[PDB]
Structures are given as C-alpha cells and as structure tokens.
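As written, the chain order gives the labels A, B, C, D, E, F, G, H, I, J and K, with residue 1 at the start of each chain.
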Amino acid sequence: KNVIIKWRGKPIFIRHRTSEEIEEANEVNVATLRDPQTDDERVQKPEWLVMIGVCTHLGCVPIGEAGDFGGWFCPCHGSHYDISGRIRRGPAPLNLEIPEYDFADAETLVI
Amino acid sequence: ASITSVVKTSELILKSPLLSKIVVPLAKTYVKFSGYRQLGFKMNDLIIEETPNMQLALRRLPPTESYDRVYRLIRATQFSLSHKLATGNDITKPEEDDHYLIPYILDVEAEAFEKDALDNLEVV
Amino acid sequence: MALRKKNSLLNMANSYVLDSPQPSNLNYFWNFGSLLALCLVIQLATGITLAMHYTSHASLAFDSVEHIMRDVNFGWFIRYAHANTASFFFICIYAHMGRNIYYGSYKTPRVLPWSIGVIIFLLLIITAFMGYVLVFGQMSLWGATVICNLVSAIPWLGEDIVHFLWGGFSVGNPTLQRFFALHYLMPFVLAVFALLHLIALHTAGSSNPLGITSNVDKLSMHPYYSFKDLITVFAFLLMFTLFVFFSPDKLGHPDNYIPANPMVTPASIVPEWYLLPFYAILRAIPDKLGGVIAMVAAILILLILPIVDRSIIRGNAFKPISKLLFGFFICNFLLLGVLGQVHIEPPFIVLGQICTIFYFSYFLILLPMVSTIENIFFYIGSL
Amino acid sequence: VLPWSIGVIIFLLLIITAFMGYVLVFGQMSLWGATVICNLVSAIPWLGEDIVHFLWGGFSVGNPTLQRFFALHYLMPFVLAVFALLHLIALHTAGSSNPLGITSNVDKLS
Amino acid sequence: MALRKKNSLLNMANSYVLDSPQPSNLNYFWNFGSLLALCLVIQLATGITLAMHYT
Amino acid sequence: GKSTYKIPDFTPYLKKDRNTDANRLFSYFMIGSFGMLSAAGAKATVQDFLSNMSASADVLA
Amino acid sequence: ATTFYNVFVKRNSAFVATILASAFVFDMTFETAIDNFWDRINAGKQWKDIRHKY
Amino acid sequence: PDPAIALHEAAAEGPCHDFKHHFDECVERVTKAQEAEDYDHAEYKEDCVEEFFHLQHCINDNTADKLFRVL
Amino acid sequence: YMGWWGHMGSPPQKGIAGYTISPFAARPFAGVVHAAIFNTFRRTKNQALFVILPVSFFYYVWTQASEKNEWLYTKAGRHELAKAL
Amino acid sequence: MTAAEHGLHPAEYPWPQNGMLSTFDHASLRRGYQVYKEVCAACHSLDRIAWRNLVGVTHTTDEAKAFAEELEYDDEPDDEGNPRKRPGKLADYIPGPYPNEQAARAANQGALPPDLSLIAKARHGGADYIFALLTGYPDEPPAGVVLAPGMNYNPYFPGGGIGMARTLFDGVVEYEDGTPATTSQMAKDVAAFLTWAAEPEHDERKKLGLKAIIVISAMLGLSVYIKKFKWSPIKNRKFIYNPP
Amino acid sequence: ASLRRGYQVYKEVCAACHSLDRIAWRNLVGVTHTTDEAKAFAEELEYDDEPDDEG
C-alpha cells in the first residue's frame, strides 16, 4: 500500500513495499537511469519508500500503482516512476525527491 | 587619461612611417565625422576641465586666448540649444584648429608627474 | 535680500528647484530625472493607497487585490496605475542611465552621483521584485521561490539564509507579510538615495550634451526647465493613459491572475520585462553560483565606468566610434532582454552566451580600447 | 521661532501617529478609541458626519478603518522624521540656545 | 582641506553631528533631542519588524 | 561683427503688434487655458483618486 | 480687448479666479458632452439601452 | 444551424486548399503506418498535429471576421 | 567646480555682447514649419547610421535565431534538434 | 518548444469591446450569463462575482434579487447555537458547484475546473482564447495524437489534452431573446460575459480614458506653446564678440 | 509545579465553560508536561482534517 500524507502542502507517498517489490527495484542496472541511484541510496529502510510525491517534470502528482514500471505514473505528460520511485520513461528528468525523514520509533517517522 | 599619455602615444605613431601612413588619414576623417568643428569649437575646447590640473592650465592661458575660448563655448552652447550648426565664419576651418591649450596642460602635468616621481625617490 | 535666499529652509528649495544654475543647452534626455521623480511620486501615492486596502496575510492577499479591482471606488485605476507605473519607472530609469552613459555623466567630477545612482538602481530592482510577490498569484509565488533559491548558491550559509528570508521552509504567509513591510519601506529608502545623488551632483551641476563646462552660460532651473519638464510630464501621462485606461494588462503576465498554488508550477516562469536582461545574463553562466555573481556583476560593473573610460573628452556627442559602440551595446542589452524570455533551447543558449560576453566586454575591453584610440585620433586629426 | 513652529507640527504628527498605532491592535480600547475620537469630527458643522464616514471607510469602525490606519501608521513616522529633520535645519541658522539665554557665539564647542 | 569638509555629502553630516558648533554650557535637558531621535529609531526598527508579522 | 550698438537682426522673430494689449492677452489665454485644464484635471484626479477612501461596494452592501 | 485684459488678467487674483471658474464650467460641460458622445458611439450596447425590456 | 461549420468548410476547399491537402496526405500516411504491424514497437510515432495547426491557423485567418459578422 | 550666481567659476568673460528679445515680442513658433521639415531631416540624416547599423544587425541576428529555433521544433527539424541536444 | 506544447494561438476576433471607444454589448453579456448559468456553472465557480454585480449590467435589481433568493446561504447560528440557512441577498457571492477542490476533482476525473472570475485575464488571449477553446474541439483528434484517459483533444489548450469535454452544442441553451443558440453564438456570448467578469470596470475605465486622453492631449499642446514661449529669449539670443 | 497543578484545575473545572484558544499543545511541552504527555493529550481529541478524495 501507498499512503499520501500532506507535508508542507506537497503530498508524501509512503509505500509499505513487499519483499518481491524490493527485489524488482534492486534489479535495474544503475547505468541505464536518467538519474542513476540504487534503492539503498533512496530508502534508509527497505520497507519504507518515503518520497515527495511531486513529479520532477513540471510538478503534477503521479498516480501510484499505475505506470509501466508499476510504481507511479504522472498522467500529465506520461512519465513513469519505479518501485524505488526512479524515473524510467517520459519527460521527467529526476527521480522523485526524498525528504529528510527519520525513524524516531520503528512505528513512527517524522518528515 | 592624461593629455601627456595622448601626446606621447601620438608622437610614437607620427614617428613610424608605416603607422603614420595608415593612421593620419584615419584621424583626419575621424575628425571630419566627429563634427565638433561644425559647432565652431577647436579640438582643445572639448577637453574635460573639471580636474585640478586642467583648472590650473586654464588659469595659465593668455588673456586673449582665454576670452576667445569663453566665446567659443558660449557660441557652441547656443548652437546646441538651438539645434543649429555653425555657418560661414563660425565653422572652424582645419587651419584654425590650433592646439592652444596642449602646451599649458603638458607643463602642468609634467610638474604633477615629476612631483609623484620625486615623492618616491630612494637615496642609493 | 530676498526671502527665498535669506530663510534657510526656503533657501534649500531655492537652490534645487528655482535658482539652481543649469546649463542652457540640456536636451530632452535631461528630462528623465523629473519623470523618475514623477514615477516615484505616483508610486508613493498609489502604493500608499493600495496599502490601505491590501491584506498581507497569504490567505487573503490575492482576494484583497481582487477586492481592490472590484469593490474599491477607482480601485482598478489605482491598481493598474501602480502596476504600469512600475514599468514606466524602468523605462525612465533605463533612459536616464542610458543618457548618463552616452553623455559621460559618470566621469569626474560626477563619479559620486553616478555611484549612488547605481545603488538607486539596485534598490528599484529589489523594490519592484518584492512588490510583484505581494499579489500572491502564481507568478508571485514562483518568482519568489526561484529567486530566493539563487541565494542557496552562496556557499555554506546560503540555505540558512534562504530559510531566514522566507521565514520558513517555503514561500508562504511569513514571506508575504515580510515582503509587504519591506516593499512599503524600500521606496522611502529609494527616495532618500535619490535625494542624495542630487545633493552629490550639486557640487558639479548637471553635465550637458556638449560635455564642456556650462559655467560660462547658466540658466535658472525655473522657469526654463520647469516648463520644459511639463512637456515630458504630459507626454508621459499620454503614454500612461494609453496603458492604464486602454490596455492595462499589455505589459503584464496573465499567470499572476491565478492564485498561488505551491503544487502546480506555471508553464513558464519569466520575470517582469525590465528584469529580463539580468535574467538572460544569469542563464548564460552554467554554474549556479557563477550565474548569480554574473547577474550582480552586470549591475555593479557600471561602477567601473569612471575608470575604464579613458577619454580626455566627456561624452559621445563628438566621438563617432564611441557612438557606434554604444549603439551596439544598447541593442545587445535589448537582445539580452529578449533572450531572457525565450525558452532554454537551441539556438538561444549559445546566442545568450555571446550576448553576455559582449555585454561585459564593452566595459572591460572595448570601451578602454576605443576611448584610448579616439584620444589619439582627436590629437593627430587636429594637428 | 521657525524650529519651534515646526516642532509644534511634529508634536501633532506624533499624536496622530500614536493614536493610529493604538487602533491597530483591534482590542476593545482600539475600537472604542477610534469610535469616540473619530466621532469628534462629527462636530465639524455641515460636513462633519460625511468626513467621519469617509475616514472610517464605512458606517462604523471596522475592517476598512483598520486597514487604512495600518497604512497611515506606517507612513506617518516617516513624515515625522522628515519634519524632525526640518526643524533641525531651521535651527542651524541660529544654533542651539543655552541655559543662560545669552549668545554662545563667544564660546563654542564641537 | 579635510575630506569631511570638502565632500558635499560628508560635509552635511559634518555640519550636523561633528563640527557643528554648540554652546559649551548645555545642561542635561538638552539631551532629550537625541533621546527623541533614539525613540524614533527604536520605533522604526520595532515598527517595521511588527509590520512583518502583523495582518 | 564689431559695433555693439548695431543690434543683431531680430526681424524674423519680432511681432509688429508687440505692445498691444491684444498681443499680451493672447499669450495669457494660452497660459490660462493651461491653468484651466490643469485645475480641471487636478480636481478630477483628486476626486476620483480619493473616492477610493469612501465606502467600497461590499461595505455599502 | 484692453478692457478684457484689465478685468480678467491684469490682477493675478482675478486671473486665478477666472481660471478656476473656467475650470468649474469646463469640468461640468465636458462631463455632459462626453456622456452624450459615449452614448451615441455605443448605441444599443449599454445597459441603459436594453433596460427597457425589463 | 452553426454558421462556423459552413465557413470552415468553404475556407478549407478555397483559400486553405494546400493545407487541407497536406493534412489529408499526412493522415493517410499515419493511418497506413498504424495499420502496419510492429508499429507499437517503433521508436518514433508520427502525428499530424503540425499539419493540423497549419490548416486551423489558416482557416481561422480566413473566417474570424466573417463569423463574427453573422452573430 | 560650480559656484553660484556671481561667482559661477567661468574664466573671466569680456568682449561678448549678448542680445535677446522679450517672449512677448517674439513669435515663439517663427520658422517652425521650416524647422520641423528641414532641420529635423538634417539632424536625423546625420545620426541615422548610428541607429540603423546596430538595430539592423541585432534584428537580423534575432530573426535568424528565432527562425532556426522554430524550425528545430518542427518534424523536419527532429534530427538537427537531436544533435543540438 | 513544439507548437503542440504551447497550444495553437487563438485568432483575433473583432469583439464589440475591442476599440478604444467601445463598450461591451450588454445584450450579449446577459445572453452570456445565461450560458454560464445553464452550462458552465455545473462545474465552474464564479466566486468573485456577487449578485449585486449583475445589477445594472445584465439584470434589473428585481431579477438579480430573484436569483439570489432562490438559493440558501449559511446564516449566523440560532439562539441555541445550531447552524441555520437563509435566502440569498444581493451582497452574496454566486455560489460554486463544489464545496472544495477534492469534491471538484472527484467529479471531473481528477481535473480541477478553475474559477472563471479571472480566467479572461489569467490566460494569454483573453476572450479570444475562451472563444477559441470552446469552439475548437475537432470531431476527431489529429491522427497520431495519443490522448491520456479522460482527456479530450483541443489544439488551443497547451499540450492538447484538456480535461474539459466539448460542452456547447447547437441548442443546449434556449435564449430568452430569441437569438439562435448556435455553438458559435453561445461561445461568443459566454466569452463576452467572462471578459466582463474579469474586468467589470472596463466600460467606465475606457470612458474615463477618453476624457484623460483629450485633456492630457490639450495640456500637452498648451505645454509646448508655453515652453516655446518662455524659452524664446534663450533660443533667439544672438552674440557679438569683439576680442579685447 | 504550580503551573502543572493549575493546568489540571483548568482541564477539570474551567474547561467545561471556558476556552483557552491561544494555547497549543506544544506550548505545554517543557513548561508543564513532557512531549509524550502533551502528545497523549492531543491524540485523545479529534480535529478537522483536510477532505478525503471524494471531498
């Protein structure tokens, strides 16, 4: 599941990623990525994808679970984000920004 | 810039035959296009005077030359505000465009530059 | 002795607006000074009036400007007058600076009025930028976001400074309230500097289009320049009228009539037209910090004109090569303006870089070369 | 006389400035102060009522009044600073008086 | 000639705050003028600051 | 060119009827028209501009 | 014509009074004249032209 | 019925005939290209927007004044 | 560098006689038609090159740049755009 | 950018109000309000316009009060502090179809219909853009355009895909004045109406500008005579120099 | 310690009729209560959120 938390007006996508989702994200060779990053750089905890859910192209909010890399699809110009929230296809230049988030408890994070 | 600089550089150019052959005709056309003669000015009337050196040089002008300069400036100011040009005898002919002020300012500056040099002398 | 000379207070007015001795041959380009004074007065009158109807809270700002347009008697006029006069202020200020560059008003003995002038020009930019934000439309927000994120390029402290100016982590209510206070204040500071540059000028008096002394032939400021200033006041008011009453939105950007939305980014963020040349200069440098420095340097480099102009003659009236160079400089400054509003696409990227190099090379290379050569041509040519 | 006379105007501007600033809080004293003080203007014959409504921007003290007092309270201190500077320029012709009331032209200190 | 006297701008500051000739015997009641200047500055500083937070 | 008592030629600009009241009156008609429009314009400007301070449409409602 | 000058122009108090009275008259008449002109060039367009239907 | 329909048709057959034919030929090419297999796995998919804009821009230039004259 | 009336800082003037007539004695618009036509023609002709040269050059530059830009973002210009990025 | 990405620029139509001396056609404004009320108001708000604004522009006071009185607005709470509704008055603003953005987007497949009070000033093109957009839906999108789901092709809208479907069809409105309600007629009327909504001072502003232009022109003419008059002693000055 | 006791009086007696509208839960933290105690007080109440996706 992916949650949408407003944080400074901007939406925050929080996905509770499954084991096989993590695996799917850890596949793509870093080499072939507009914005080259691995999931380990993005998440500080593999079960908590926390991103700023604003598309890096112009600034629409991607519809999650949709896409072609089954992560997030920006409907505006058709840019596809990953399960890491990395850009794969479409006009968007960068991967979906990661806020500064810390796990105060294992059951609560602050953003 | 200093008038001294302008004068020295000009003399270097006039010395070199090659340089003078190409520069002197240019400078003559430049002055024709400049069009200060069409307001009845002599070249030297255009030099910036709000400097201590230039004020001193103007004070050293012979009375006649000074009175004539004041007339040319007033006449030119009047043509400027009327948007007219000089006609007839008011136009400065090339032979009348004499460097009446250059000798005075070169003496003023010679002293001022000597003073600066000598302020920096070192007994060996 | 006449009261206007005897009484100390009256004497100060007298020395500036009545008995002030002026050259008798100032042309129409000497009238932009008084037009800039008129712009500054209109902006204070309309500005103070808008402040009586404006609410600086971000939940209400945009709505308060709609209230001004729709409900306040003549509010449309006061709003459009204020917005358009800001454009006219920059037309007049560019004209006035252009006049000063062409006629060598920056040379001794007028380096001080010129240098204070460069600061007036910076304050006007800051003032007009902050005023733009107060509407809190989309251009307001996205302008403040982008411009204040340039400050992030200041090393080490940049980020901290930005958050301090915004009063928070993004442009929001705190930013809007503080820009309102400062935008109210800055025009008063600008008026004080305008008055200082005049006091500084009073020692030498106005330059004139011939670049010679005017000490030989002076005319009282009144009535001659009083009545000459009225012609351009009425010419200005004709232009003002055409914009304010008949095309009030011609100089503006429609995006500012959409309320600020932090999510949606506008199609294109371009500044107000009068900032466009500096924006083009900034885009020309690929480095973020480099770009900011270049943009500020594009204004501060005017402070070196007194040094780099090596001419023994004041102004360009008599200098055909300098006039051509100045023509190219002014047209390049307009091309920079146009390049500030195109998209960052070929072939405008390289063109913008060439125009930026030309802009700086005027001050650093060409003006020193050309002014040196003209000195030599005047001397040889008149021998 | 001239520095003194300009000073009397500075004193009036200070009263107006401080009165408007008091209104900006919009507490009970703010409101009831603006109500009673601006209803004194109602005593001006013939036009008094009209002037009050014009200053309030309405038929009672409310939002329009508050917004306009904010703008003016911001501005008035700058006017007051200019007059303060004018009374000094006026004073400069005679210089300061002194506690003996005699000339000081004989014995000056920077 | 000293810069503070030569330069027109500096000269105005000079004539008011530095070389201004004053009587030698002003008592403490002549200090309210500068306190009123200080009040006016504090009111501008605090006032402009409040305006950045006031609606 | 030399005599200062030979006043330069001003005939291109001198009005023949220069000392008539008609002549002065005309120039004051121009000045006065200009004063009239400036007064009418200032009244219009002030009245329109200050009306912003009268109750706005929402208040009047 | 001397008479006109002497009465309305010679004293500045009279001249300024004449200018202000003229300004008053101009203001009033110009308002009325523009109103009529504006109504003729915008005929059948304004609310006053269609109001009669209601 | 809608005046615009007639005016647009008239302007397409008349002063904007070259642009009409351009757009038509474009459409023919694109439809044919879409008909062919392994079109979905192509790099560049051609549209007809450019030709459409040239046509519409032309039609509008020839119609604007005429249309507002009949309203 | 500038004084005031009475001591303006002119070098001493002597030998210049200045003459003028009253504004009421002059035709303010004397020879205005001649000036508006012939004088303005003269003054414009003399300054024409200093305006025409830079304006014509920068207009040509802009025209070429804007036409290239337009062409690059057409279908025909796809390939040249791809190389330019 | 591609012209697609910019949107086709709208034609310049000769609106009644174009022209320095031209007001809006108020009969068109009234017709345009009827289009807004019967078509646009389903999805779009007009939040900055009050019922009082229509009075003496499009409607008499009675007609506008009748429109206001048909609606219910939030009153001040009753004496037990329970919420209450009241009938609308002239000072009320025209109410929107949706309570908030989220409701608006949910009803419009994610797209948020903007408020139309300023739309004529908030888009390049103004009335021409609104007219072009409403009339510019082709029967078929140009071959090769891929529309996102819930998008409609419209060349005037930047990007081409707009979340608003074609809405004006011949006879969706029945005008009360017997004007044939063709797509083009309704778009012209509503575009005029929205232009008025964005700039309601337009008629007054241009009349005062006519007065300003005339007076300022006269003062400019006079100021030039006066300048020349006062300067004539300086322009006419002549010198005779005798070198001493 | 008196402030904390006073809050308990406010909460159990005055709050029945009187509001304390200008004080946020965060204001009690490090004055009368630890962050945990204050969050516990806040989390017991319901406040108006932004509308859901159906508005």
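Descriptive notes on the structure:
Convention: a contact is a pair of C-beta atoms (placed from the backbone, for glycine too) under 8 Å apart; a residue touches a chain by one contact, two chains touch by 3 or more.
Chain-to-protein mapping (UniProt): B = Cytochrome b-c1 complex subunit 7; C = Cytochrome b; G = Complex III subunit 9; I = Cytochrome b-c1 complex subunit 8; J = quinol--cytochrome-c reductase.
The minimal number of chain-to-chain contact steps leading from subunit D to subunit J is 2. The most centrally placed chain, judged by C-alpha centroids, is C.
When chain centres are defined as mean Cα coordinates, K lies farthest from subunit I. In this assembly, the C-alpha centroid of subunit G (Complex III subunit 9) lies 40 Å from the C-alpha centroid of subunit I.
Averaged C-alpha coordinates put the centre of subunit G (Complex III subunit 9) at 68 Å from the centre of subunit K. We define each chain's centre as the mean of its Cα atoms; on that basis subunit A and subunit G (Complex III subunit 9) are separated by 71 Å. Along subunit H, residues 46, 50 each make contact with two or more other chains. Subunit A has no residue in contact with two or more other chains. Counting partner chains per residue, subunit K shows two or more touched chains at residues 50. If you check each pair of chains against the touch rule, the ones that pass are A-C, A-J, B-C, B-I, B-J, C-D, C-E, C-F, C-I, C-J, D-E, D-F, F-G, F-I, F-J, G-J, H-I, H-J, I-J, J-K. The residues of subunit A lying in touch with subunit J in their complex are 63, 75-78. Remark: subunit J residues 50, 52, 90-91, 208, 211, 215-216, 218-219, 222-223, 225-226, 229, 232, 236, 238-240, 242 touch subunit F in the complex. Note for the complex: subunit J touches subunit I at residues 1-3, 225, 228-234, 236-244.
Those residues of subunit J that touch subunit B in the shared complex are 234-235, 237, 239, 241, 243-244. Residue ranges of subunit H in contact with subunit J, taken from their complex: 1-4, 23, 26-27, 30-31, 34, 45-53, 56-57, 60-61, 63-65, 67-68, 71.
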